[PDB]
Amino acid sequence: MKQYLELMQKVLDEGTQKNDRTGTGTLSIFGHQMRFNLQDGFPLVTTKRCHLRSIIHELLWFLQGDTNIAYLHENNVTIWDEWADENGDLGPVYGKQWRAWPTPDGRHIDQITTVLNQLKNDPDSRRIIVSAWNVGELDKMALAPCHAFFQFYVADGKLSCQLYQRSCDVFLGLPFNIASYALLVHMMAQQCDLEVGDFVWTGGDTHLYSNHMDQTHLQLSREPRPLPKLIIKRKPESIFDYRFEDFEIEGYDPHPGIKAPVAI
């Protein structure tokens, strides 16, 4: 997509040389922002083939509050396998915070229901927010949340959402993350009888791994194709009752997939 390639070119042109915790080199900038008007089309990158399969399953899994990889195994989704312990536990990651943020006084807070209520009953609110950044639980997570925090906003019948992403692998992670939140905006909007507005992506440490330079140059040689259209085949009774088969993408004509490796 224009915005995504622009970010990619920006990091090449402006990135400073920066290592990760493994010591793998990156080119890195700090602070970036992109906007996707969801009425223009579903923002799934076209300059390489991306599959929605794992994105949908992972979102549904988040929404269930499940932190065990079992449901992903049931569907042969393996993207969380590298972080899971021997019983398949990830500690209190995304799903547990979204659906059951624990408080000092023994409660478990369902931030998804909170936000849905707020969107229906108080759409002007400036605090419609879900955070996964539970400071006291970071140590137990297999991973500190990358998409840390998000806010919704309603104006003129349209639902928007902004994500803060503390750390972004622009090549491997970003296309996935964008489509993931865009999906959630479409499900949220449907459940509240709103149309879709903007997904605004904000990044902290926004980087390209040095071993992704050939792929980056290749993708930058390609022209964005028209955006696909998301189809929701069915309207469920709640945000928690979406099924995998509810979602279709039409008009997805991507250039070919490109593989990118990780160091260990």
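Take the two forms, superpose them, and find the largest set of C-alpha atoms that agree within 1.5 Å; that set is the rigid core. Numbering starts at 1 and follows the sequence shown.
The stretch that moves more in 6 other deposited structures of this protein, judged by CA deviation after a rigid core superposition and choosing between 15-23 and 249-257, is 15-23. Of the two stretches examined, 115-123 and 77-85, the one with higher mean CA deviation in 6 other deposited structures of this protein after a rigid core fit is 77-85.
Once the C-alpha B-factors are averaged per stretch, 77-85 and 179-187 rank with 77-85 first. According to the PDB record, 223-231 carries the higher mean C-alpha B-factor of the two stretches 30-38 and 223-231. The residue among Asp205, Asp198, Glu195, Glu58 whose C-alpha atom has the highest B-factor in the PDB entry is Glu195. When the CA B factors of the chain's modelled residues are split into thirds, the value for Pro92 lands in the lowest one. Remark: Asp110 belongs to the lowest third of its chain, ranked by C-alpha B-factor as recorded.
Ranked within its chain, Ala70 lands in the highest third, by CA B factor from the PDB record. Looking at the C-alpha B-factors along this chain, the one for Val45 belongs to the middle third. Looking at the C-alpha B-factors along this chain, the one for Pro102 belongs to the lowest third.
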